[PDB]
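As provided, start08.cif (mmCIF, C-alpha atoms) reads as follows.
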```cif
data_work
loop_
_atom_site.label_atom_id
_atom_site.label_comp_id
_atom_site.auth_asym_id
_atom_site.auth_seq_id
_atom_site.Cartn_x
_atom_site.Cartn_y
_atom_site.Cartn_z
CA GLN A 10 0.00 0.00 0.00
CA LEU A 11 2.70 2.44 -1.11
CA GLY A 12 0.50 5.45 -1.65
CA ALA A 13 -1.40 5.23 1.59
CA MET A 14 1.86 5.46 3.46
CA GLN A 15 2.94 8.21 1.13
CA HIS A 16 -0.20 10.12 1.99
CA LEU A 17 0.27 9.79 5.73
CA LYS A 18 3.85 10.94 5.42
CA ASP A 19 2.67 14.11 3.69
CA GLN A 20 0.20 14.81 6.44
CA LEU A 21 3.01 14.40 8.91
CA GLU A 22 5.22 16.78 7.04
CA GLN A 23 2.45 19.37 7.02
CA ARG A 24 2.00 18.95 10.71
CA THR A 25 5.67 19.66 11.24
CA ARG A 26 5.53 22.79 9.15
CA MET A 27 2.74 24.37 11.14
CA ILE A 28 4.47 23.34 14.34
CA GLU A 29 7.57 25.07 13.17
CA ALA A 30 5.57 28.11 12.21
CA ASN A 31 3.96 28.09 15.62
CA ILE A 32 7.33 27.89 17.32
CA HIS A 33 8.38 31.00 15.45
CA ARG A 34 5.21 32.94 16.23
CA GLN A 35 5.33 31.95 19.86
CA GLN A 36 8.90 33.18 20.02
CA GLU A 37 7.98 36.65 18.75
CA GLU A 38 5.18 36.97 21.24
CA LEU A 39 7.78 36.06 23.84
CA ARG A 40 10.11 38.69 22.52
CA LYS A 41 7.29 41.26 22.60
CA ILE A 42 6.68 40.20 26.15
CA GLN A 43 10.45 40.25 26.67
CA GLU A 44 10.33 43.89 25.63
CA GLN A 45 7.88 46.08 27.61
CA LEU A 46 10.25 45.15 30.46
CA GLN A 47 12.75 46.76 30.16
CA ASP B 4 6.87 49.31 59.00
CA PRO B 5 9.06 50.37 56.07
CA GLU B 6 8.09 53.34 53.94
CA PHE B 7 6.69 53.12 50.40
CA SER B 8 9.96 51.92 48.99
CA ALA B 9 7.54 49.09 49.52
CA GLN B 10 6.12 50.27 46.20
CA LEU B 11 9.37 50.14 44.24
CA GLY B 12 10.31 46.74 45.67
CA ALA B 13 6.88 45.22 45.13
CA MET B 14 6.99 46.30 41.51
CA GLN B 15 10.48 44.90 41.08
CA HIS B 16 9.57 41.60 42.73
CA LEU B 17 6.55 41.19 40.42
CA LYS B 18 8.51 42.16 37.34
CA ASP B 19 11.12 39.61 38.32
CA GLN B 20 8.77 36.68 38.69
CA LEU B 21 7.00 37.68 35.47
CA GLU B 22 10.32 37.77 33.59
CA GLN B 23 11.27 34.46 35.15
CA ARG B 24 8.11 33.03 33.67
CA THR B 25 9.23 34.45 30.36
CA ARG B 26 12.57 32.66 30.44
CA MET B 27 10.93 29.43 31.55
CA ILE B 28 8.60 29.49 28.56
CA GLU B 29 11.56 30.44 26.33
CA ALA B 30 13.43 27.34 27.50
CA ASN B 31 10.31 25.24 26.89
CA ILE B 32 10.03 26.45 23.32
CA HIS B 33 13.67 25.71 22.52
CA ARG B 34 13.34 22.16 23.82
CA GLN B 35 10.30 21.83 21.54
CA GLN B 36 12.31 23.09 18.60
CA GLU B 37 15.04 20.49 19.06
CA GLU B 38 12.39 17.77 19.30
CA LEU B 39 11.09 19.23 16.04
CA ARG B 40 14.48 18.81 14.46
CA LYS B 41 14.60 15.19 15.53
CA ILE B 42 11.13 14.46 14.16
CA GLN B 43 11.99 16.17 10.84
CA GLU B 44 15.17 14.05 10.67
CA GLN B 45 13.41 10.79 11.40
CA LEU B 46 10.83 11.83 8.81
CA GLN B 47 13.44 12.45 6.12
CA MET B 48 14.42 8.78 6.42
CA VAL B 49 11.06 7.26 5.45
CA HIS B 50 10.65 6.06 1.86
CA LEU C 11 -3.60 43.51 58.40
CA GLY C 12 -7.13 42.32 59.08
CA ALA C 13 -7.05 41.74 55.35
CA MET C 14 -3.84 39.67 55.56
CA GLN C 15 -5.63 36.90 57.37
CA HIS C 16 -8.58 36.53 55.03
CA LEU C 17 -6.26 36.34 52.05
CA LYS C 18 -4.12 33.84 54.01
CA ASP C 19 -7.24 31.87 54.85
CA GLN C 20 -7.72 31.22 51.21
CA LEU C 21 -4.00 30.50 50.84
CA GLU C 22 -3.82 27.62 53.33
CA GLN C 23 -7.20 26.60 51.93
CA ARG C 24 -5.69 26.39 48.41
CA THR C 25 -2.32 24.79 49.26
CA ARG C 26 -4.10 21.97 50.98
CA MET C 27 -6.37 21.88 47.90
CA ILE C 28 -3.29 21.37 45.77
CA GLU C 29 -1.89 18.54 47.93
CA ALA C 30 -5.20 16.78 47.46
CA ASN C 31 -5.00 17.43 43.74
CA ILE C 32 -1.50 15.94 43.58
CA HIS C 33 -2.66 12.93 45.57
CA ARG C 34 -5.46 12.46 43.04
CA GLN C 35 -3.06 12.72 40.13
CA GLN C 36 -0.78 10.15 41.76
CA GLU C 37 -3.60 7.61 42.30
CA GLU C 38 -4.85 8.17 38.73
CA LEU C 39 -1.27 7.68 37.57
CA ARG C 40 -0.95 4.43 39.51
CA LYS C 41 -4.07 3.22 37.76
CA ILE C 42 -2.51 3.96 34.39
CA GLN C 43 0.72 2.17 35.29
CA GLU C 44 -1.36 -0.73 36.48
CA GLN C 45 -3.26 -1.15 33.25
CA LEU C 46 0.11 -1.36 31.47
CA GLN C 47 0.98 -4.37 33.56
CA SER D 8 3.42 -11.87 15.73
CA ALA D 9 3.98 -9.10 13.21
CA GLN D 10 1.66 -6.83 15.29
CA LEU D 11 3.04 -7.99 18.65
CA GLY D 12 5.98 -5.62 18.30
CA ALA D 13 3.95 -2.65 17.12
CA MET D 14 1.53 -2.94 20.00
CA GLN D 15 4.59 -3.23 22.17
CA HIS D 16 5.86 0.03 20.64
CA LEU D 17 2.70 1.92 21.64
CA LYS D 18 2.83 0.48 25.12
CA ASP D 19 6.43 1.72 25.27
CA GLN D 20 5.48 5.25 24.47
CA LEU D 21 2.76 5.13 27.07
CA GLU D 22 5.17 3.89 29.75
CA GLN D 23 7.50 6.78 28.87
CA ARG D 24 4.82 9.45 29.03
CA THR D 25 3.62 8.03 32.30
CA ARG D 26 7.10 8.40 33.71
CA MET D 27 7.30 11.98 32.43
CA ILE D 28 4.06 13.04 34.07
CA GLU D 29 5.01 11.37 37.34
CA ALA D 30 8.37 13.14 37.51
CA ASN D 31 6.71 16.52 36.96
CA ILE D 32 4.13 15.80 39.63
CA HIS D 33 6.83 14.96 42.18
CA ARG D 34 8.72 18.24 41.58
CA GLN D 35 5.45 20.11 42.12
CA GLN D 36 5.20 17.87 45.15
CA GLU D 37 8.40 19.40 46.48
CA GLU D 38 7.40 23.03 45.94
CA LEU D 39 4.04 22.50 47.60
CA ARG D 40 5.48 21.52 51.01
CA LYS D 41 8.14 24.14 50.63
CA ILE D 42 5.58 26.92 50.33
CA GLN D 43 3.06 25.59 52.83
CA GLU D 44 5.79 25.37 55.44
CA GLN D 45 6.95 28.96 54.61
CA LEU D 46 3.52 29.84 56.09
CA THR E 3 -2.84 47.69 49.43
CA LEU E 4 -0.23 45.68 47.53
CA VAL E 5 2.19 47.19 49.99
CA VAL E 6 0.43 45.21 52.75
CA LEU E 7 0.86 42.01 50.76
CA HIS E 8 4.53 42.84 50.32
CA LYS E 9 4.86 43.71 54.02
CA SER E 10 3.27 40.38 54.92
CA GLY E 11 5.46 38.89 52.26
CA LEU E 12 2.36 37.02 51.14
CA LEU E 13 3.20 38.34 47.71
CA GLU E 14 5.92 35.76 47.24
CA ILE E 15 3.61 32.98 48.37
CA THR E 16 0.52 34.01 46.41
CA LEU E 17 2.48 34.27 43.21
CA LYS E 18 4.33 31.00 43.74
CA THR E 19 1.01 29.37 44.61
CA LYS E 20 -0.90 30.62 41.59
CA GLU E 21 2.08 29.40 39.55
CA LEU E 22 1.74 26.07 41.23
CA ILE E 23 -1.96 25.84 40.36
CA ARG E 24 -1.23 26.64 36.74
CA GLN E 25 1.37 23.87 36.59
CA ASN E 26 -0.96 21.43 38.34
CA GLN E 27 -3.77 22.19 35.89
CA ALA E 28 -1.47 21.68 32.89
CA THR E 29 -0.16 18.36 34.15
CA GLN E 30 -3.74 17.41 34.95
CA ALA E 31 -4.68 18.02 31.32
CA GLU E 32 -1.75 15.91 30.16
CA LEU E 33 -2.81 13.20 32.58
CA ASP E 34 -6.38 13.19 31.30
CA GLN E 35 -5.21 12.79 27.73
CA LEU E 36 -2.77 10.03 28.65
CA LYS E 37 -5.54 8.33 30.61
CA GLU E 38 -7.77 8.10 27.54
CA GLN E 39 -5.03 7.15 25.08
CA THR E 40 -4.07 4.46 27.57
CA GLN E 41 -7.64 3.16 28.06
CA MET E 42 -8.16 3.06 24.30
CA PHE E 43 -4.87 1.21 23.91
CA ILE E 44 -5.91 -1.42 26.49
CA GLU E 45 -9.56 -1.78 25.38
CA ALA E 46 -8.21 -3.13 22.09
CA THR E 47 -7.93 -6.88 22.76
CA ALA E 54 -12.19 -0.97 19.29
CA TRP E 55 -9.22 -1.47 16.99
CA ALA E 56 -10.70 0.80 14.36
CA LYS E 57 -10.97 3.57 16.88
CA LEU E 58 -7.28 3.42 17.78
CA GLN E 59 -6.13 3.12 14.19
CA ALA E 60 -8.39 6.06 13.31
CA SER E 61 -6.80 7.96 16.19
CA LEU E 62 -3.32 7.42 14.76
CA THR E 63 -4.20 8.57 11.23
CA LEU F 4 -0.34 -1.03 11.77
CA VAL F 5 2.37 -3.59 11.01
CA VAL F 6 3.56 -1.56 8.04
CA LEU F 7 3.12 1.58 10.14
CA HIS F 8 5.46 0.24 12.75
CA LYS F 9 8.09 -1.10 10.34
CA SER F 10 8.08 2.09 8.20
CA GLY F 11 8.47 3.86 11.49
CA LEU F 12 5.67 6.28 10.73
CA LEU F 13 4.08 5.09 13.95
CA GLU F 14 6.80 6.56 16.12
CA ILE F 15 6.76 9.72 14.07
CA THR F 16 2.98 10.09 14.36
CA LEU F 17 3.08 9.66 18.10
CA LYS F 18 6.04 11.96 18.74
CA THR F 19 4.35 14.50 16.44
CA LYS F 20 1.01 14.39 18.30
CA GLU F 21 2.94 14.71 21.56
CA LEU F 22 4.92 17.71 20.26
CA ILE F 23 1.69 19.30 19.07
CA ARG F 24 0.23 18.74 22.51
CA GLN F 25 3.24 20.32 24.20
CA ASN F 26 3.16 23.24 21.79
CA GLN F 27 -0.49 23.91 22.55
CA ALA F 28 0.34 23.92 26.26
CA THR F 29 3.16 26.41 25.64
CA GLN F 30 0.72 28.53 23.64
CA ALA F 31 -1.70 28.55 26.56
CA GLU F 32 0.98 29.52 29.05
CA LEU F 33 2.16 32.20 26.64
CA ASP F 34 -1.33 33.67 26.28
CA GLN F 35 -1.78 33.91 30.05
CA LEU F 36 1.65 35.42 30.58
CA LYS F 37 0.67 37.84 27.82
CA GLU F 38 -2.53 38.90 29.54
CA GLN F 39 -0.78 39.48 32.87
CA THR F 40 1.82 41.56 31.00
CA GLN F 41 -0.06 44.38 29.17
CA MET F 42 -1.76 44.57 32.58
CA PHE F 43 1.37 44.77 34.65
CA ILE F 44 2.85 47.55 32.56
CA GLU F 45 -0.69 49.03 32.67
CA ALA F 46 -0.88 49.48 36.44
CA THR F 47 2.35 51.48 36.13
CA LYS F 48 0.68 54.44 34.47
CA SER F 49 -1.66 55.72 37.19
CA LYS F 57 -7.81 44.99 39.65
CA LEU F 58 -4.24 43.71 39.81
CA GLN F 59 -4.36 42.66 43.44
CA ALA F 60 -7.75 41.06 42.80
CA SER F 61 -6.01 39.05 40.11
#
```
Rendering of file as structure tokens:
Amino acid sequence: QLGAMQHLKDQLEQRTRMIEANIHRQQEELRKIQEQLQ
Amino acid sequence: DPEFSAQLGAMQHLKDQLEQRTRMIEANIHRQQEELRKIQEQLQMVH
Amino acid sequence: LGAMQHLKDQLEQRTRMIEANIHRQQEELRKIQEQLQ
Amino acid sequence: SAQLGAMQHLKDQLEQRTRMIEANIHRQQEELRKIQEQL
Amino acid sequence: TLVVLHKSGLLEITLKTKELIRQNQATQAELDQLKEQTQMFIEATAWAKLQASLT
Amino acid sequence: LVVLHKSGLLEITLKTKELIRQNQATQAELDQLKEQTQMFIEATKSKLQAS
């Protein structure tokens, strides 16, 4: 069932991408929070 | 008992714990990012 | 000062709430470890 | 006996997450008595 | 007001405590999720549900 | 499931759902820390204790 696997792997890759995006966004919010004080 | 240098020091104490929470979360996120790298690696090795 | 106590009332009231919580999490946990033999 | 090992794999992840959660809970367990004594 | 809290040093404790509740609530959520994923794992001896959960 | 395990997409799926879970937790913590900030820096320009 080659393609079924292939499909799941794509879903997994997409899930990583959003995670990565999230990690970036979350960092900026941190940095904004990190500003304001000082 | 002390005078309102109570103010100043209360503010500083609060700012300090709040910032400490900031660095804790920051650490959390970096750990997550390395786990990310590992998952992406492991995922590059699947045919 | 008369305020101090009332706030503290809630504080002992909450810390002992938390110990109970932790005890509950530990028993729940033991159940999970059980199920996995 | 093909599936045996896969099922085992899931059970392995579950044992690991269980250990994670328990460790966290015990650290919280330390801070709780610390603070409640403080009072 | 806050100055009283500081004077009592109940500030330290209230903050640490609220922190402690947040942590306890988070771990509780994790524990709930693990509890169901566990159950569902066990229950399968039902299989469709787990396999659907993984995909 | 057999193929899933041997392909190791099983491990990947699980670690990925776990990482997603953790990331959502960090997002929650971050939102709360955000609300208390932008409220801290706000009481320094003129509720807080009640919080």
What does the distance from atom CA of residue F:16 to atom CA of residue F:32 come to in Å, to one decimal? 24.4 Å
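Closest approach to chain D from the set C:46, C:37, C:16, C:23 is made by C:46, with distances taken over all atoms listed in the file.
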Counting all atoms listed in the file, what is within 12 Å of residue F:21, bar same-chain residues fewer than 5 positions away, as a PyMOL selection string? (chain A and resi 24-25+28) or (chain B and resi 35+38-39+42) or (chain D and resi 20-21+23-24) or (chain E and resi 32+35-36+39+62) or (chain F and resi 14-16+26-28)
Take the residues that were just selected and, keeping C-alpha atoms, output them as a compact mmCIF listing (two decimals), in the frame of the given file.
```txt
# COMPACT_ATOMS: atom_id res chain seq x y z
CA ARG A 24 2.00 18.95 10.71
CA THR A 25 5.67 19.66 11.24
CA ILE A 28 4.47 23.34 14.34
CA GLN B 35 10.30 21.83 21.54
CA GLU B 38 12.39 17.77 19.30
CA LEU B 39 11.09 19.23 16.04
CA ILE B 42 11.13 14.46 14.16
CA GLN D 20 5.48 5.25 24.47
CA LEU D 21 2.76 5.13 27.07
CA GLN D 23 7.50 6.78 28.87
CA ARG D 24 4.82 9.45 29.03
CA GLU E 32 -1.75 15.91 30.16
CA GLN E 35 -5.21 12.79 27.73
CA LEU E 36 -2.77 10.03 28.65
CA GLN E 39 -5.03 7.15 25.08
CA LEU E 62 -3.32 7.42 14.76
CA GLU F 14 6.80 6.56 16.12
CA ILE F 15 6.76 9.72 14.07
CA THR F 16 2.98 10.09 14.36
CA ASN F 26 3.16 23.24 21.79
CA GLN F 27 -0.49 23.91 22.55
CA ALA F 28 0.34 23.92 26.26
```
Which residues would end up in the selection if the PyMOL selection byres ((chain A and resi 10) around 12) were applied here, given that I need the answer as an MDAnalysis selection string? (chainID A and resid 11:17) or (chainID F and resid 4:7 10)
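In this structure, the chain D residues at most 10 Å away from chain F are residues 8, 9, 10, 11, 12, 13, 14, 16, 17, 20 and 24 of chain D, with all atoms listed in the file considered.
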So that I can check the surroundings of residue D:29, please list as a ChimeraX atom specification every protein, DNA and RNA residue that reaches within 10 Å of it, counting all atoms listed in the file and ignoring chain neighbours fewer than 5 positions away. /C:35-36,39-40 /D:23-24,34-35 /E:29,33
Under the rule of at most 9 Å, produce a per-residue listing of chain B near chain F: chain, number, name, the closest pair of atoms, and the distance in Å, as a Markdown table, using all atoms listed in the file.
```
| residue | atom | partner | partner_atom | distance |
| --- | --- | --- | --- | --- |
| B:14 | CA | F:47 | CA | 8.8 |
| B:17 | CA | F:43 | CA | 8.5 |
| B:18 | CA | F:43 | CA | 8.1 |
| B:21 | CA | F:36 | CA | 7.6 |
| B:24 | CA | F:36 | CA | 7.5 |
| B:25 | CA | F:36 | CA | 7.6 |
| B:28 | CA | F:29 | CA | 6.9 |
| B:31 | CA | F:29 | CA | 7.4 |
| B:32 | CA | F:29 | CA | 7.3 |
| B:35 | CA | F:22 | CA | 6.9 |
| B:38 | CA | F:22 | CA | 7.5 |
| B:39 | CA | F:22 | CA | 7.6 |
| B:42 | CA | F:15 | CA | 6.4 |
| B:43 | CA | F:15 | CA | 8.9 |
| B:45 | CA | F:15 | CA | 7.2 |
| B:46 | CA | F:15 | CA | 7.0 |
| B:49 | CA | F:10 | CA | 6.6 |
| B:50 | CA | F:10 | CA | 7.9 |
```
Quick one: contact table of chain C to chain D, 10 Å max, nearest atom pair and distance in Å to one decimal per residue, counting all atoms listed in the file, chain and number order, as CSV?
```
residue,atom,partner,partner_atom,distance
C:18,CA,D:46,CA,8.9
C:21,CA,D:43,CA,8.8
C:22,CA,D:43,CA,7.2
C:24,CA,D:43,CA,9.8
C:25,CA,D:43,CA,6.5
C:26,CA,D:43,CA,8.2
C:28,CA,D:39,CA,7.6
C:29,CA,D:39,CA,7.1
C:32,CA,D:32,CA,6.9
C:33,CA,D:36,CA,9.3
C:35,CA,D:32,CA,7.8
C:36,CA,D:29,CA,7.4
C:39,CA,D:25,CA,7.2
C:40,CA,D:25,CA,9.3
C:42,CA,D:25,CA,7.6
C:43,CA,D:25,CA,7.2
C:46,CA,D:18,CA,7.1
C:47,CA,D:18,CA,9.9
```
May I ask you to extract the residues of chain E within 9 Å of chain C, using only C-alpha atoms, and to give them as a ChimeraX atom specification? /E:6-7,10,12,15-16,19,22-23,26,29-30,33,36-37,40-41,44
Would you mind exporting C-alpha atoms of the selected residues as a CSV table (one decimal), in the coordinates of the input?
```csv
chain,number,residue,atom,x,y,z
E,6,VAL,CA,0.4,45.2,52.8
E,7,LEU,CA,0.9,42.0,50.8
E,10,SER,CA,3.3,40.4,54.9
E,12,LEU,CA,2.4,37.0,51.1
E,15,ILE,CA,3.6,33.0,48.4
E,16,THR,CA,0.5,34.0,46.4
E,19,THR,CA,1.0,29.4,44.6
E,22,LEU,CA,1.7,26.1,41.2
E,23,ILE,CA,-2.0,25.8,40.4
E,26,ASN,CA,-1.0,21.4,38.3
E,29,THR,CA,-0.2,18.4,34.2
E,30,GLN,CA,-3.7,17.4,35.0
E,33,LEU,CA,-2.8,13.2,32.6
E,36,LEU,CA,-2.8,10.0,28.6
E,37,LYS,CA,-5.5,8.3,30.6
E,40,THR,CA,-4.1,4.5,27.6
E,41,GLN,CA,-7.6,3.2,28.1
E,44,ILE,CA,-5.9,-1.4,26.5
```
Please evaluate the PyMOL selection byres ((chain F and resi 59) around 10) against the structure above and give the resulting residues as an mmCIF file with C-alpha atoms, in the coordinates of the input.
```
data_model
loop_
_atom_site.group_PDB
_atom_site.id
_atom_site.type_symbol
_atom_site.label_atom_id
_atom_site.label_comp_id
_atom_site.auth_asym_id
_atom_site.auth_seq_id
_atom_site.Cartn_x
_atom_site.Cartn_y
_atom_site.Cartn_z
ATOM 1 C CA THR E 3 -2.840 47.690 49.430
ATOM 2 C CA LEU E 4 -0.230 45.680 47.530
ATOM 3 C CA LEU E 7 0.860 42.010 50.760
ATOM 4 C CA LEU E 13 3.200 38.340 47.710
ATOM 5 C CA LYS F 57 -7.810 44.990 39.650
ATOM 6 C CA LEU F 58 -4.240 43.710 39.810
ATOM 7 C CA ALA F 60 -7.750 41.060 42.800
ATOM 8 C CA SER F 61 -6.010 39.050 40.110
#
```
Go through the shown structure with the PyMOL selection byres ((chain E) within 8 of (chain B)) and write out the matching residues as a PyMOL selection string. chain E and resi 4-5+8-9
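Atom CA of residue E:24 is positioned 27.4 Å from atom CA of residue C:44.
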Could you write out as a ChimeraX atom specification the residues of chain A within 10 Å of chain B, counting only C-alpha atoms? /A:11,14-15,18-19,21-22,25-26,28-29,31-33,35-36,39-40,42-43,46-47
Mind giving me the straight-line distance from atom CA of residue F:35 to atom CA of residue E:14 in Å, one decimal?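 Here the two named atoms are 18.9 Å from each other.
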